[PDB]
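You are given C-alpha cells for the same protein chain in two forms, set apart as structure 1 and structure 2.
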Structure 1
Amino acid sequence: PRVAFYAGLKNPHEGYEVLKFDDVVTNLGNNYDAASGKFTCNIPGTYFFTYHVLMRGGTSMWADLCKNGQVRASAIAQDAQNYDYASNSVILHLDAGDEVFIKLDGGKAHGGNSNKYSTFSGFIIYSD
C-alpha cells in the first residue's frame, strides 16, 4: 500500500480551528482532504506525520514637546521578533477511520498563499 501526502497552508487561521492545508502537493491514497484539513486512515498501520506552522504575531510610541504647536523636542519608545514556528513530528498506529489533523490552541497562523511556509505531511511506514 502507498499512502503519502504533503500539503501547504494558503489562508490565515486563528483561534482553535483545524488547520486546513489546501495547497496539496502529494496525496497518494487520496487519504488527505483539503476541505477538512484531515488525513483519514484507510489502510490500518503505523504512520509518520510531521508539521511546520508559522505564527503571525512591534510597538512604538512617540511623545513630542510642543511650543504653540511647533515641535521643540521629539522622543520615541520602541520595542519591536514576529514570525516563529510551531513544529513537531509523531509516529502513530492508526486504525481505519482514524482522523489525524493539526489544530490551533490559541494564536494566529500565517497563511502563505502558494509559498508552502506552513506544511503538513505524512506517510505509512508499516501496514497491519
Structure 2
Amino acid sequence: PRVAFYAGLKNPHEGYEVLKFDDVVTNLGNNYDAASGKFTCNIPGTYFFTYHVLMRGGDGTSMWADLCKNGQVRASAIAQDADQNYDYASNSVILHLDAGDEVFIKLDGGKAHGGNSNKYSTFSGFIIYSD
C-alpha cells in the first residue's frame, strides 16, 4: 500500500478553522482532500505526519496550529513574536489510525501566511506500517 502526501497552504487563513492546504504536490493513495483539508485513512496502520505553518508577518503577534485526529488534539504548536515578525508553528507525530480516521491541521487563532505557489506553510504524511 502506497500512501504519502505533501501539500502547501497557498491561501491565507486567519482565525479558528481547519487549514485547507490547497497546493497539493504529492498524494499517493489519494487520501488527502484539499476541499476539506483532511487526510482520511483507508489503510489501518501507523503513520507519520508533520506540519509547518508560517505566521504572517507585519500584523499580529501569536498564532496557534494543532494537529488533530478526529475530534482530538494530538500535537500543538505556537508561533509568537512581539515585533510581528514571521515565525513558524510546526510539529510532528506518529499515530496509529483506523479506517475512517481523519487527520488535519487546525488554526486555533492568529494569521497563517498563504504563500501562493511558494509552499511556505505545509502538511505532509505517509504510512510507516500497515496493520
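Take the two forms, find the largest set of C-alpha atoms that superpose within 1.5 Å, and that set is the rigid core. Only residues modelled in both forms are compared. All residue numbers here follow the sequence of structure 1, with the first residue given the number 1.
Residue shifts between structures 1 and 2, rigid core superposed: of 42, 30, 50, 74, the only C-alpha displaced by 2 Å or more belongs to 74. Superposed on the core, the two forms barely differ at residue 99: its CA moves less than 2 Å between structures 1 and 2.
Fit the two forms on the rigid core and the C-alpha of residue 65 turns out 52.7 Å off between structures 1 and 2. In the core-aligned comparison between structures 1 and 2, the Cα atom of residue 14 sits 1.0 Å away from its counterpart. Residue range 58-80 is the only run of 3 or more whose C-alphas all shift by 2 angstroms or more between structures 1 and 2 once the rigid core is superposed.
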